[PDB]
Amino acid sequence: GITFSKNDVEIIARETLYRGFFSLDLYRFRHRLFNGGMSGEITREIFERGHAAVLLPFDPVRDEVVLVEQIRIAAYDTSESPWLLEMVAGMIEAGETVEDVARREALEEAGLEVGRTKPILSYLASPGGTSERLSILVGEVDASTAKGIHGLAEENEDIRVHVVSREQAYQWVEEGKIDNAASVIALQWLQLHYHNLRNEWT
């Protein structure tokens, strides 16, 4: 496994490069080198946007997945359309739990009540340049109750629910029709775990 711990790095300072809705910070630090020495002072620009809870809504009776569609303007330059098919997800505020955020977002974004839950995994989105961590849960849902247009319109959140079979959702990953990290990770996990999960929940 890994070689060094937090005993082996010192963050000297952090400087706010930009403060707005999100922040960009310059971390200044030194760290041990694999050759046995210490680095000089290194600086890295880090996008600070908090952390997220992600919910894979899975109906184990029907073997169906609920997806939410909404515009993500950052996708525009590299994608055929900025409207993406994604997992229910939202930002975790101070003092909130991953699971409470997932439930609230499932109601706001898909009109869905959630039953049992299990962790999938918690990942760093792109740790060379952002601190963001996203914690994914699978949540038991009745996909027949998932339909229509949701999102908080007063916060400019316009979301369309789509229900697909599990195998259909995974085919959409393999074809590139679903191509955001949270959904790819959740759906590849589901393809590796669905047999045991369906047995546990039925």
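One rule holds for the numbers: they count along the sequence shown, beginning at 1. Rigid core (definition): largest C-alpha set, two forms, superposition within 1.5 Å.
Novice: Comparing 5-13 with 183-191, which has C-alphas lying farther from the shown form in 9 other deposited structures of this protein once the core is aligned?
Specialist: The answer is 5-13, which departs more from the shown form in 9 other deposited structures of this protein.
Novice: For a rigid core alignment of each structure in 9 other deposited structures of this protein onto the shown form, which stretch has the higher root mean square Cα deviation: 136-144 or 30-38?
Specialist: Between 136-144 and 30-38, the one lying farther away in 9 other deposited structures of this protein is 30-38.
Novice: Go through the other compared entries with residues on either side of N156 and state whether a third or more give it no coordinates.
Specialist: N156: unmodelled in a third or more of the comparison entries.
Novice: Should the higher mean CA B-factor in the entry be assigned to 108-116 or to 122-130?
Specialist: Between 108-116 and 122-130, it is 108-116.
Novice: Can you tell me which stretch has the higher mean Cα B-factor, 7-15 or 182-190?
Specialist: Taking the mean C-alpha B-factor of 182-190 and of 7-15, the larger value falls to 7-15.
Novice: Whose CA atom has the top B-factor in the entry, of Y170, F34, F58, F29?
Specialist: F34 has the highest C-alpha B-factor of those listed.
Novice: Compare the CA B factors listed in the entry for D158, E48, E45, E140 and report the winner.
Specialist: Out of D158, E48, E45, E140, the record gives the largest C-alpha B-factor to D158.
Novice: Per the entry's values, where does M38 land by CA temperature factor relative to the rest of its chain, in the lowest, middle or highest third?
Specialist: For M38, the deposited C-alpha B-factor lands in the middle third.
Novice: Grab the CA temperature factor for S144 from the record and place it in the lowest, middle or highest third of its chain.
Specialist: Its C-alpha B-factor, which the entry lists for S144, ranks in the highest third among residues of this chain.
Novice: Can you tell me which third, lowest, middle or highest, the CA B-factor of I92 falls into for its chain?
Specialist: It belongs to the highest third of the chain when residues are ordered by C-alpha B-factor.
Novice: Per the entry's values, where does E69 land by CA temperature factor relative to the rest of its chain, in the lowest, middle or highest third?
Specialist: CA B-factor rank for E69: lowest third.
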